[PDB]
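Below: the structure, in structure tokens.
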Amino acid sequence: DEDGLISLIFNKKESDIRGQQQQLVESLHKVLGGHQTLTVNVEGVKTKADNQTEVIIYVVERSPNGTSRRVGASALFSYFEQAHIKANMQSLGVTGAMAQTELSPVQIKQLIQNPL
Amino acid sequence: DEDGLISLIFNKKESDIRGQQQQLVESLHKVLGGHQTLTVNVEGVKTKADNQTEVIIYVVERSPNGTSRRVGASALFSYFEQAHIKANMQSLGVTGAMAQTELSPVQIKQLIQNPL
Amino acid sequence: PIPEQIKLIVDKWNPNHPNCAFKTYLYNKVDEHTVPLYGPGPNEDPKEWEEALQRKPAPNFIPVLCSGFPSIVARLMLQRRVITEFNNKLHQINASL
Amino acid sequence: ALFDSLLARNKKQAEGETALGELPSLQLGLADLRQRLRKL
Amino acid sequence: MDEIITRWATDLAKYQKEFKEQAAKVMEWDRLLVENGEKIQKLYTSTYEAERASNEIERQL
Amino acid sequence: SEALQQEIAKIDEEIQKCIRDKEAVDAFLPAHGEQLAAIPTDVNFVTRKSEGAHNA
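Protein chains in written order, with PDB author numbering: chain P3, 214 to 329; chain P2, 214 to 329; chain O3, 74 to 170; chain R3, 141 to 180; chain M3, 467 to 527; chain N3, 245 to 300.
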């Protein structure tokens, strides 16, 4: 979870993603609020189909004391799945998202008991 | 940190510190550059041993708009630990100094990565 | 008797729980010693709660209030969220083997 | 992969080697084997 | 105007009878999920054991 | 008749709006259902490969 990796599927061709990567990364930064304490990093880009591309990201957050660390994957996924944020993501061409952290049974039970 | 308190140990008896407190405070003001925008305040004086006295200070800084605030403890400590300033402090009888702010792990990591 | 049925139907289709008619309880597992917590909330009849706790499938399970459709959607949301975790862990096992 | 390991073990079994005693055993099957089982 | 109340009540009962089923199905699915989860954990244990044992054999050789 | 004819509209609209959610449930089922049904087949498979390693 500490590695903070979120996989995103885009309904865009790989060449289009790479061709405008600066813009894509900044738009993701804007979705996060655009503060200078958050930085979006691209871990990888992979074609999945003619017009489907997976983009793996993480977000580095800086503390008031200058320390930096990655936003945990579960925390970042939780933000992106919020209805308002998901809609903004869909406007960028995102059609899905996944975190790598395998949740514990108690975490899963909590999510089922409180799906919202 | 906002309370700006720095504890100083002096190799002087308490009676000597109190007896010449005006002079001591002005010498500390001089070490800081002597400008009228900085004012040294004594928070407390405590005997620690026959010839050891702790003096707790803070520094009020005034802005061009007349606003005043305390210099943060970390910032003030950083100034006093600079080699040239430390030497001047030692000439006044200071043999140690401490700030009360408990640094974050990221701050500590930064200090270790860049000890100078 | 006309403006009563109407109000009762308006009451049925609603999350306010005046005989919601979409009242089903789902049991969420919770390990001890957290059983003493939970602890319903705004419009929970202790009758329904206890009656749920009464026919309990196994210990360490707490009932959960599913009023209408958004709740069952949410339950699904969780179910997927755990689906992926399950598959992941399973793949980990696979890889180590 | 269990039955696979059973094969693999029973495969490596009947194939040598220099172990001072354990030579590979010939496999039978079906007709001879049933009688070989009954003669237990 | 009764012809509207009839529709309302029929739709109500009709969709209630279905919502019950959906919920039930979800419950059954949950049961399946935990039922497997236990087994997943068992697999975790068994696997860790295997891992440790293999490491031991590695040490022995 | 205005308040009534408007009220019935709002009510029936709300109910229809609820049935949209009901349908939303109905839509998200079969996929998730397959996903769920997939699990026991894998864990019942991975449990087998473990037995293979253990026997090995």
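Ideal placement from N, C-alpha and C gives every residue a C-beta, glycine not left out.
By the Cβ-count criterion, residue 302 (chain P3) is buried, with 16 or more other Cβ atoms from all chains shown falling within 10 Å of its own Cβ. For residue 258 (chain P3), no chain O3 residue has a Cβ inside 8 Å of its Cβ, as the nearest lies near 22 Å away. With the criterion set as a beta carbon lying under 8 Å from some beta carbon of chain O3, the members of the region 249-268 of chain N3 are 255, 258, 259, 262, 265, 266 and 268, in sequence order. Taking a cut-off of 8 Å for Cβ pairs, the region 219-239 of chain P3 and the region 273-283 of chain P3 do not touch, as fewer than three such pairs fall below it.
Within chain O3, the residues whose beta carbon sits less than 8 Å from that of residue 324 (chain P3) are 150, 151, 154 and 155, listed in sequence order. The criterion of a C-beta distance shorter than 9 Å is satisfied by residue 219 (chain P3) and residue 269 (chain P3). DSSP, reduced to helix, strand and coil, places residue 305 (chain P2) outside both helices and strands of the structure shown, so it counts as coil. A Cβ-Cβ separation of about 40 Å leaves residue 323 (chain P2) out of contact with residue 260 (chain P3) under the 8 Å criterion. Only exposed fits residue 291 (chain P2), as fewer than 16 other CB atoms lie within 10 angstroms of its CB. Counted as a single uninterrupted DSSP element, the stretch harbouring residue 290 (chain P3) is not any beta strand (DSSP E) but the alpha helix (DSSP H) occupying residues 286-294. For residue 274 (chain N3), the nearest beta carbon of chain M3 is not closer than 9 Å to its own beta carbon. By a beta-carbon distance limit of 8 Å, residue 292 (chain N3) does not contact residue 173 (chain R3). Their separation comes to about 27 Å. By the C-beta density criterion, residue 275 (chain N3) is exposed, having fewer than 16 other C-beta atoms within 10 angstroms.
Listed in chain order, the positions of the region 270-297 of chain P3 with a beta carbon within less than 9 Å of a beta carbon of chain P2 are 275, 276, 277, 278, 279, 280, 281 and 282. Residue 318 (chain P3) reaches chain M3 at 503, counting residues in chain order whose Cβ is nearer than 7 Å.
Identification of residues in the region 77-93 of chain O3 having a C-beta nearer than 7 Å to some C-beta of chain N3 yields 83 and 86, given in sequence order. With respect to chain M3, the C-beta atom of residue 297 (chain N3) has a partner C-beta closer than 9 Å. Fully contained in the region 240-282 of chain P2 are the following beta strand (DSSP E) runs of length 3 or more, in chain order: 251-262 and 265-275.
With respect to residue 136 (chain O3), residue 99 (chain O3) sits close: the two C-beta atoms are nearer than 9 Å.
Per DSSP, residue 133 (chain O3) lies in no beta strand (DSSP E) segment and is marked neither H nor E. For residue 325 (chain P3) against residue 151 (chain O3), the beta-carbon gap comes to about 4 Å, under 8 Å, which counts as contact. Of the candidates 89 (chain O3), 79 (chain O3) and 163 (chain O3), 163 (chain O3) places its Cα closest to the Cα of residue 502 (chain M3). Going by DSSP, residue 299 (chain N3) is part of the alpha helix (DSSP H) stretching over 273-299. Counted as a single uninterrupted DSSP element, the beta strand (DSSP E) harbouring residue 100 (chain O3) occupies residues 96-102. Taking a Cβ-Cβ threshold of 7 Å, the residues of chain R3 close to residue 300 (chain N3) are 145, in chain order.
No Cβ-Cβ contact shorter than 9 Å links residue 499 (chain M3) with residue 86 (chain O3). In summary, residue 304 (chain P3) is exposed, with fewer than 16 beta-carbon neighbours lying within 10 Å of its beta-carbon over all protein chains present.
Neighbourhood of residue 158 (chain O3) in chain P3, by CB distance below 7 Å: 315, 316 and 321, in chain order.
Annotation: the continuous alpha helix (DSSP H) that includes residue 498 (chain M3) extends over 468-526. Boundaries of the alpha helix (DSSP H) harbouring residue 177 (chain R3): 170-178, taken from the DSSP string. Here residue 311 (chain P2) is bridged, per DSSP, to 220 (chain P2). For residue 127 (chain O3), the uninterrupted alpha helix (DSSP H) segment begins and ends at 119-127. Taking a beta-carbon distance threshold of 9 Å, residue 507 (chain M3) counts as an interface residue toward chain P3. Residue pairing by DSSP puts residue 140 (chain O3) in a beta bridge opposite 96 (chain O3). The continuous alpha helix (DSSP H) containing residue 147 (chain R3) extends over residues 142-153.
With its beta carbon at least 9 Å from every one in chain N3, residue 159 (chain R3) lies outside the interface.
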